[PDB]
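Consider the single chain below, provided in structure tokens and representing the form deposited in one PDB entry.
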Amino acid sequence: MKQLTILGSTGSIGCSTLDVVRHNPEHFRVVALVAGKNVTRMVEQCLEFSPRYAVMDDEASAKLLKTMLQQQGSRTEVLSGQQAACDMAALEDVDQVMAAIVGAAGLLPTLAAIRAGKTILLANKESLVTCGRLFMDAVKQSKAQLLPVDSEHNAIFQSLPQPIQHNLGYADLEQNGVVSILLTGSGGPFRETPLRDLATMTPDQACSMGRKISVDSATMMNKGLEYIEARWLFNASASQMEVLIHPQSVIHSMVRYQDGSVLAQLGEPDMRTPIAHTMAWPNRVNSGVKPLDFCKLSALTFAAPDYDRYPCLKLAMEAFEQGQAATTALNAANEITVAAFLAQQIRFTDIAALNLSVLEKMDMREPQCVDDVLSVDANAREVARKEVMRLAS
């Protein structure tokens, strides 16, 4: 029986993880749920899943949650705040931690699961985008298993040989006959826009979808960040990474082997797939996802990314070579500039341009701990806000 702590239970990943649990009650049991301020959805989850613990962001939410759980007869014990969330991530009889709290708030709880030697269903980009070296060192030192839940990394991982899958952070790609990792992305809505029109695209043209990630997919900042992550996670050099546009997103990513073989994972866009794969690894369970119907697909195509069309993708690649200050700064800047584009303060092409300008303006030492990473992030947001103000009168 796998016992689970779900960090970020009330977002789509958390609900989807719960759907796997709901349909596999003989294999998984929820011990702890952690969320933010969504008391109502947390009530329903505690009543369906009977975890021992639930944690909210603050005392106000925790008190509401307590009152409502109590009204319904629940035995779930209610806590609040960051430490409590780290504590659930490290609980003694927990086997797996779904690490789905995103942003800076996901860093310490994910690191607490790692240092407790858990199996971490990794479902946030900040861990490896901002703290990849810190976190990969902690994984080695603490004997944690990372299992990537993100669609492209989960596909690479399914496509990697068993000795790498079980030894992330140590495994040598080359020694295991791996030539490169083929990280695929859709190329976004402006994949075929003449370059000259990029300057004038609007937030509606760039975006059912998720507006930030949607813009990140238009700039391919999203693949840029996936590139930074994959290199830490899979221990890949620059020459062991290829980024390929694949507009249909049926192939989720691939791995190229020494004999010419390429292994690929394919599927529906439903996150229950990669989530169930990690929960059940090295075995499988039913996820509720429809079997992929190959007779109803668009033709599958591929093309090389053009860095004049996708300067963010190139910027992410160069930031990796500059270290975790640089990838942390790029990520934070990009949150500010995308937000500005979406609020109609700057042009679409000013995302990449101001992302570049913010990195050019910083000169930060390599972070040595999480606090350092938060300090780079805070600083880069400030440099970014000011650049936005320079353009947005």
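When you see a residue number, it is the position in the sequence shown, counting from 1. We call the rigid core the largest set of C-alpha positions that still match within 1.5 Å between the two forms.
Although not depicted, the form deposited in another entry is the subject of the following passage.
Fit the rigid core and compare the CA positions between the shown form and the other one: of 266, 285, 213, 263, just 213 moves by 2 angstroms or more. Once both forms are fitted on their core, a CA shift of 2 Å or more is seen for residue 312 between the shown form and the other one. In the core-superposed comparison between the shown form and the other one, the C-alpha atom of residue 33 has shifted by less than 2 angstroms. The rigid-core alignment places the CA of residue 106 less than 2 Å apart between the shown form and the other one.
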